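Participant: Per the authors' numbering, residue 2431 is the first one in the sequence shown, and the count goes up by one each step.
Cβ coordinates follow ideal geometry from the N, Cα and C atoms, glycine included.
Before I ask anything, here is the structure I am working with.
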Amino acid sequence: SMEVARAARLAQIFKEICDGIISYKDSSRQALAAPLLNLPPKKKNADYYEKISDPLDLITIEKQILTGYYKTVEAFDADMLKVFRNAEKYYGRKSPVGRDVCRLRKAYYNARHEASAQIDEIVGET
């Protein structure tokens, strides 16, 4: 098949997974991915951008998916996991935001495990 077609099929999968993370709610109906959605405004969180070198938020990922910016799942994985790592690096694995990010990763690995079959069928038309 044609690469842009492939990259669109993938994009659709990446958007579903990423929407699952953004929308993800605990039994308590509160959105765990909320802290991950927007990068703190530079002007009053100058200390953030000193601790994080390669900052990324879910809104940006969500935006780039729609473009076909992610041509492989590794590039996607890399971006999604960087947003989680940056969160733990800044708030601490033990903070309430790390307890959350931790749990969101599990969600991420399940949705990624489940998509894996479709992702292989696409990539393996090369």
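1) Would the beta-carbon of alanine 2537 fall within 8 Å of that of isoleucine 2451?
2) Hey, how far is the Cα of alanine 2438 from the Cα of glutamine 2460?
3) Tell me whether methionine 2510 is buried or exposed, calling it buried when 16 or more other Cβ atoms sit within 10 Å of its Cβ.
4) Taking DSSP's pairing of strands, which residues face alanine 2461 in a bridge?
5) Taking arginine 2542 as the reference, give the member of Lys2472, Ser2483, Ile2447 and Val2434 with the closest Cα.
6) What's the C-alpha gap between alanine 2435 and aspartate 2477?
Facilitator: Taking the definition as stated:
1) As a working mapping, residue 2537 is identified with position 107 in the sequence shown. As a working mapping, residue 2451 is identified with position 21 in the sequence shown. For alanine 2537 and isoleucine 2451, yes; Cβs fall inside 8 Å.
2) In the sequence shown, residue 2438 corresponds to position 8, counting from 1. In the sequence shown, residue 2460 corresponds to position 30, counting from 1. Computed Cα separation, rounded: 31 Å.
3) Position 80 of the sequence shown, counted from the start, is the residue given in the question as residue 2510. Buried, since its Cβ has 16 or more Cβ neighbours within 10 Å.
4) What you label residue 2461 is simply residue 31 of the sequence shown in a count that begins at 1. According to DSSP, which records beta bridges pairwise, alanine 2461 is partnered with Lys2455.
5) Position 112 of the sequence shown, counted from the first residue, corresponds to residue 2542. It is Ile2447.
6) Here residue 2435 is taken as the residue at index 5 of the sequence shown, counted from 1. Here residue 2477 is taken as the residue at index 47 of the sequence shown, counted from 1. Looking at the two C-alpha atoms, the distance is approximately 42 Å.
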